[PDB]
């Protein structure tokens, strides 16, 4: 039976979201690609380049018009007429608009596509802009994080394929399943927070006992993600578990909320 077409494009990005996706432990990214979706366009992985890649793009968005999921990694820059990000000699934004027009739904992978991420931090030299400020007539599912959790990315895909539906979202377009609660609402160091048991300097006695990282700048109290429950890399760890406070990396504007080490 045919697999659901997916077109995966890249704007200004670091490719962390693609890298996260291929970490997926269950389903393996191999099995996602071979059996769950048809990953029909993806600059990072596809054989074809140049004119052959353009032909793929055009053929897929035409033949599957109205029927493909568009995944977006990165974002369009509005500065310099868009030519801070060039694809096939033209502004990336033109490719984004063409792809968006034919999509049934759009997944904004990562804080880049969702909000802006590091290139949109002050003073935003390129006028990097999140997808939903450019594409205003299509469903956009925001999957933020820098990058999002690998098994969250693949669970979202499996949900869409298995249940033949978009995930229900909060008021910001994030899937409720993984972004309904805060890091700090499911953090295993909460006992320490509640008792006023804090790391005060790196590698102090508190740190060696896994005390709370709030006084070291942890932004888990204002960050919605699944890191303290699902965790990272097949459940091996997450930022706090390995001794660094949450940076807030799933939240809009987290780069410009002050030092990561301050309150």
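Numbering follows the first chain given and starts at 1.
Here 126 to 134 and 144 to 152 are compared by their mean Cα B-factor, and 126 to 134 comes out higher. For the pair 232 to 240 and 193 to 201, the mean Cα B-factor is higher in 193 to 201. In this structure the maximum Cα B-factor among 178, 163, 109, 188 is found at 163. The top Cα temperature factor in the record, among 85, 183, 101, 120, falls on 101. Annotation for residue 49: C-alpha temperature factor in the middle third relative to the rest of the modelled chain, per the entry. For residue 89, the recorded CA temperature factor ranks within the highest third of the chain's modelled residues. The entry lists a Cα temperature factor for residue 208 that places it in the lowest third of the chain's modelled residues.
In this PDB entry, the Cα temperature factor of residue 77 sits in the middle third of its chain's modelled residues. Ranked by Cα temperature factor within the chain, residue 223 sits in the lowest third according to the deposited record.
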